[PDB]
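J.: coords please:
(chains A and B, ligands or ions: 1)
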Amino acid sequence: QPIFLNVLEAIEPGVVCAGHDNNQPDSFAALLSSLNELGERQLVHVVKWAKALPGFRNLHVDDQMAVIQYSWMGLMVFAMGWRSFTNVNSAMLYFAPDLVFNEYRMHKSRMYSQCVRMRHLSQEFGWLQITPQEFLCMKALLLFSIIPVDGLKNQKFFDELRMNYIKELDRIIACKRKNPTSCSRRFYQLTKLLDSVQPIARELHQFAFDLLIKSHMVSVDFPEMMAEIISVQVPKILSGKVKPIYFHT
Amino acid sequence: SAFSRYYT
Ligand SMILES: CC(C)(O)C(=O)Nc1ccc([N+](=O)[O-])c(C(F)(F)F)c1
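T.: Residues are numbered from 1 along each chain as shown, chains lettered A, B, ... in the order given. Pasting the structure now:
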């Protein structure tokens, strides 16, 4: 009966790996070259995952592309937290298997505060008793959670489609939690969780772009496609031309 | 772009 939820699980990506020299003593330059590799791989995986989404083929192929490029980091950060939650129970950061982040790597990467934030969201998963089905469904909602204020090439469709993903999230909660101030209690937190992802993303958007600019001066390598997105679409978000849709203000 | 042309 869970037609929507079959799909989401059915289309779930594999455990992507970075290919990081775990035998080499840590260094900013080494660390961030694997995280850029990681980004670039996961991006591909996001692309294929996203195209299978129910009603995604509905969007105009530019919107299809745009929502991917805009929402791409937040998705990486969401799933990531679930990975560190379910693999390392939230003690470290399960980026990929070959790239798990301890405290000293967190600091050595120069994204410490930013990771502080992400280990929190990892902790949120447990604290809030997030279900696997609750995760997947929140995860899907996130591709539809960041519009350009400029206007999408076909907004109407996007809006219909988004409004539906919320129904589906409702339905996942309203299922086994039969009660008024329960479904209500839950949704709040979940939307309150989903919103909290955005600040993390924009921070990583700032670090990335920054690193990208000063990359000539650090020995850190941006994949052909990493670096186009970070230059072409990220500055849109950072310049405020693209904003996240928030549940609360 | 590089994304748009890998995408389609
Ligand atoms: C491209 C930038 C600097 O490397 C980056 O933040 N990469 C990156 C790669 C993978 C993952 N991941 O979810 O496993 C993440 C992050 F979502 F955790 F932040 C970032």
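
J.: so residue A:25, which of the three states?
T.: Recorded secondary structure, residue A:25: coil (DSSP: H, G, I helix; E, B strand; the rest coil).

J.: and it, its phi and psi?
T.: With angles defined as degrees, to the nearest 10, residue A:25 sits at phi -40, psi 130.

J.: gap between it and residue A:75?
T.: 31 Å (C-beta to C-beta, to the nearest Å). From N, CA and C alone the C-beta is placed, and that goes for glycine too.

J.: who has more neighbours, these two?
T.: Using other C-beta atoms under 10 Å in any protein chain shown as the criterion, residue A:25 and residue A:75 rank with residue A:75 on top: 23 against 7.

J.: what residue in chain B comes nearest to chain A?
T.: Distances between chain B and chain A by C-beta to the nearest C-beta are smallest at residue B:2, namely 4.7 Å.

J.: pretty sure that residue is touching residue A:228, no?
T.: Yes: Residue B:2 lies in contact with residue A:228 (C-beta atoms under 8 Å); the separation is 4.7 Å.

J.: more neighbours, the two?
T.: Between residue B:2 and residue A:228, counted using other C-beta under 10 Å, the more crowded position is residue A:228 (17 against 14).

J.: tell me which element the more buried one is part of?
T.: With elements taken from DSSP states H and E, the one containing residue A:228 is helix A:224-232.

J.: which other residues reach that helix?
T.: With contact meaning C-beta atoms under 8 Å, 6 or more residues apart in numbering or on different chains, helix A:224-232 is reached by A:36, A:39-40, A:43, A:69, A:72, A:208-209, A:212, A:222, B:1-3, B:6.

J.: now do the helices in chain A.
T.: Secondary structure of chain A (DSSP state H): helices located at A:3-10, A:28-51, A:61-88, A:103-108, A:112-127, A:132-141, A:155-176, A:180-213, A:224-232, A:234-238.

J.: could you say which of those is packed most deeply?
T.: Highest mean neighbour count of those: helix A:61-88, a mean of 21 (counted as mean count of other C-beta atoms under 10 Å in any protein chain shown).

J.: and that helix with helix A:180-213, angle?
T.: Computed by axes from the mean of the first three to the mean of the last three C-alpha atoms, to 10 degrees, the angle separating helix A:61-88 from helix A:180-213 equals 100 degrees.

J.: between the contacts of helix A:224-232, which is nearest residue A:183?
T.: Within the contacts of helix A:224-232, the smallest distance to residue A:183 is 30.8 Å, found for residue A:72 (C-beta to C-beta).

J.: in chain B, which residue sits closest to the ligand?
T.: Closest to the ligand within chain B is residue B:3: 14.1 Å, counting by C-beta to the nearest ligand atom.

J.: pretty sure that residue sits against residue A:64.
T.: No: counting by C-beta under 8 Å, residue B:3 does not reach residue A:64; the two are 11.3 Å apart.

J.: how about the residues of chain A by chain B?
T.: Applying C-beta under 8 Å from any C-beta of the partner chain, we find that chain A lies next to chain B at A:47, A:61, A:64-65, A:68-69, A:224-225, A:228-229, A:232.

J.: distance of the closest residue to chain B within chain A relative to residue B:7?
T.: Residue nearest to chain B within chain A: residue A:228 (4.7 Å; C-beta to the nearest C-beta). Separation of residue A:228 from residue B:7 (C-beta to C-beta): 12 Å.
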